[PDB]
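Laid out below as structure tokens are two forms of one and the same protein chain, each shown alone and named structure 1 and structure 2.
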Structure 1
């Protein structure tokens, strides 16, 4: 936690701009600045030193000088002591409650956990499950438990059809000692960029995981993306494991490398890499890397035979999953 105080301050400012101000670009500006300062291998002495880093301008430099002087930020001190700002920030921690829904609830007098539980009728399905597991979803997953969850998913997927390949991505594939949730990239030979030779390919895997009581709830479900809740089985007399968030993304098998690049992240690494691609006249999504024409229209997919191939196109040296974190 070398520049922990500064990165915490910038994260708190980011969350305010997203949750209260609904200023997504100011949120992205603060997260970018937080990320670059976290990687900086010196104790920052002044704002002028911070200002030399990319993504740190005049206003963040001024907030760092204030922070290093006083140990706090008057702007945050005031945000913390404002009821409406504080209420919106709390409600946004419930899965399914974003900035819009949070501000709506605060206007209806719903500002606390007790207010939410008294007014379940006013919540959509996602928001009901977010409230139900509010405590559990706050908790991080030790790598040891992620390895157990991996064993269940991969073995259960193999039982449905041995042609499925399931890859656990997110912070796990970046080699983190704990993860916020479980992200599963799924492929099957019968789903490519060219044809859907089999229907219900994702449905069948979700059903199997429900059948053995691993998946416990569904937040949303379509043909390619599942968003739900799972839980490790516990032994006799021992306390239940917390309920965990699970994302399952079915990716065309021929577009695996763009898919696994997307799903490995981190989110800030993806934004930086995709931003850099545009500067080099390319657009990257989870399916393809495409060149941009003179117009700014995306051309045809370029050939990708590895993660590294995508880095080569945008003239970046390969970063291993472990060097893509914040």
Structure 2
């Protein structure tokens, strides 16, 4: 399969266990970070001591890598795999809206399967019912050809509402992925900027038009700057797809498109590197950290590249932000 695939699968399994079963989010993030650095390491790891040189691999992961390399398994993961209760909780978190807390609450009350959830819809919130309704569709990848049909509809329909909107498809699509988990749309309008005195009421109008033409079929969440929902290409029916729309102040487009292009791991790595250089980056601003350790005033951003320059990173094209 892959160089060190044994080790990174083992760390991913541990990560998922800590997140889904232990609800130990720091251990989850630790395992995820080690899995990522090892997956990038361009050599066959022969010992835990070799892995321990990598940033994010410590004593405990070195010891697991030693057990895994010597035995071809981890007894801890043997046991977790034996554990029906860990398995039920892991499975239920695959429903959109079910996290570790809901999954444990359900398994505690004997609700372990998709069938058990369908029998107990009164115990689900809206997001979970939609996640359940489209469980299969939401795990199917969107071929780039369909992403292009979807982009055509979104850009066409947004222009119908107001010719001044600019819609940009972000996420894996903007990084040039041949398939995407979902569709991420960044939206700007000239009347919505960082200096706007009142809450924008723009997103509702775009969501309404996409609902009116039956492209958007369901709503998971809706506020003034974020919509999360479900959409479907018109036709055998196409699968229902997740769609996220983010309305970002027009003058903060560079920070917005950097965030919304990802990847998630790239973003986490870039923001961590910013912190070590004395900056904090969010979807809106890059701010310097002062002596008191707190974010100062937003810095001028006149390009996507300016953000990289502040933290002294070589510019990466969207295609080079994947994992």
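Basically, rigid core = biggest C-alpha set you can superpose within 1.5 Å across the two forms. Numbering follows the first chain given and starts at 1.
Peer 1: Considering the rigid-body rotation between structures 1 and 2, which residue or segment among 114, 25, 81, 297 is located at the hinge?
Peer 2: Comparing the two forms, the hinge falls at 81.
Peer 1: For the two-rigid-part motion between structures 1 and 2, write down the angle in ° by which the smaller part turns against the larger.
Peer 2: Relative rotation between the rigid parts: 9 degrees.
Peer 1: Core superposed, what is the CA shift for residue 39 between structures 1 and 2, in angstrom?
Peer 2: It moves 3.3 Å at the C-alpha.
Peer 1: For residue 65, tell me the Cα shift between structures 1 and 2 once the rigid core is superposed, in Å to one decimal.
Peer 2: For residue 65, the alpha-carbon shift amounts to 4.7 Å.
Peer 1: If I align on the rigid core, how far apart are the two C-alpha positions of residue 178 between structures 1 and 2? Answer in Å.
Peer 2: With the cores aligned, its C-alpha sits 0.1 Å away.
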